[PDB]
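Below you'll find only one chain, the form deposited in one PDB entry, shown as structure tokens.
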């Protein structure tokens, strides 16, 4: 026993993303998400299901909590996806009143549910638990404010356990006008309390789905969120299946986090289709991952890589994985103080994601964070300098001075990344 991870999904986006993640996890372990059973004894593969799944005598269950301040997103998702025996009622922590897209309301109102959440965690968490994943969006009020409160609470209550955030940034034109306030307040909180923040945005996700998968239409968020689920599953694959070179959550964080503040990570995966997986080389896939077309955050260019983690899954030639490292270092821009021999951390897992031949997942700590975050700051200043939309933050405990304090700490992070860039 050990290695276990508990996943907290927060707000509408966090819980919708949770559907795709748990669908992927059950498929990889050949668990039927509707019966809670193995699909077959014969195709049960050598694995370590306990990382994300609790095996009880009646079947398997997610080690998860489904948290929101209003009930519709979760209730509708569970009905539509026929999840009622897997996303069961004892794992749901729901209120009724909503955060109304204000981080401060999500934070304040979420505080009332913290005792219930901690009791649920302490009820079912094994003592060997390696850490927590928090899945949430940053632009609304619940994922952002309650997700921030949860990051702070878990770091304080469970010292020694990793706290990792999978966090969706606002789109290139925000679809919540309050998103700059909510994103700055969340990223300030995560800079204080998270161990590692893996970022995504919907502009990049839409571009990948339209240009790499060529889907004719995106009708439901499931047809975007599967990409976030793919990153979460693949970076933990070596905890769950055999392979030559395994890595755990804090092993990856320690290789990425050069300075304590540089904990904001851009993910990418290649290829996106089974057909591409069968007609590609290790070099080709790694080059795709380092190309902005495949980054899951909308970036103007390749930036400068400070440190990266690459997970190679499936039918991988180890000699090609190693031989291409000098090519990665010569063709991808790294930050100026990165030695020619450094900046890569490898994991290699024998299990390919379902139906592909092989797949590469990249987590990159990249100075281009500074451009992404400066745009957020520019949006924040456009509202704050006019005192627009501040009233409901002030009424829920975030003074105008506190908004400014969060902004200025956010700016200090931006500057640290820009300094490393040169």
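Numbering follows the first chain given and starts at 1. Here the rigid core means the biggest group of C-alpha atoms that line up within 1.5 Å when the two forms are laid on top of each other.
Beyond what is shown, the protein has a form deposited in another entry; the following relates to that form.
Next on the checklist: I want to make sure I read this right: if the two forms are fitted on their rigid core, which of 334, 87, 193, 226 has a C-alpha displacement of 2 angstroms or more between the shown form and the other one?
Outcome noted: Result of the comparison: 226.
Item to check | Shift of residue 291 between the shown form and the other one at or above 2 Å (CA, core fit) | outcome: Comparing forms between the shown form and the other one, the residue 291 CA shifts below 2 Å.
Checklist entry - Taking the rigid core as the reference frame, is the Cα of residue 177 displaced by 2 Å or more between the shown form and the other one? => result Residue 177 C-alpha, core-superposed: shift of less than 2 Å.
Item to check | C-alpha of residue 127 moved at least 2 Å between the shown form and the other one on rigid core | outcome: No, the C-alpha position differs by under 2 Å between the shown form and the other one.
Item to check | Pairwise C-alpha change, residue 257 versus residue 242, in that other deposited form against this form - closer or farther, 3 angstroms or more | outcome: Between the C-alphas of residue 242 and residue 257, the gap narrows in that other deposited form (3 Å or more compared with this form).
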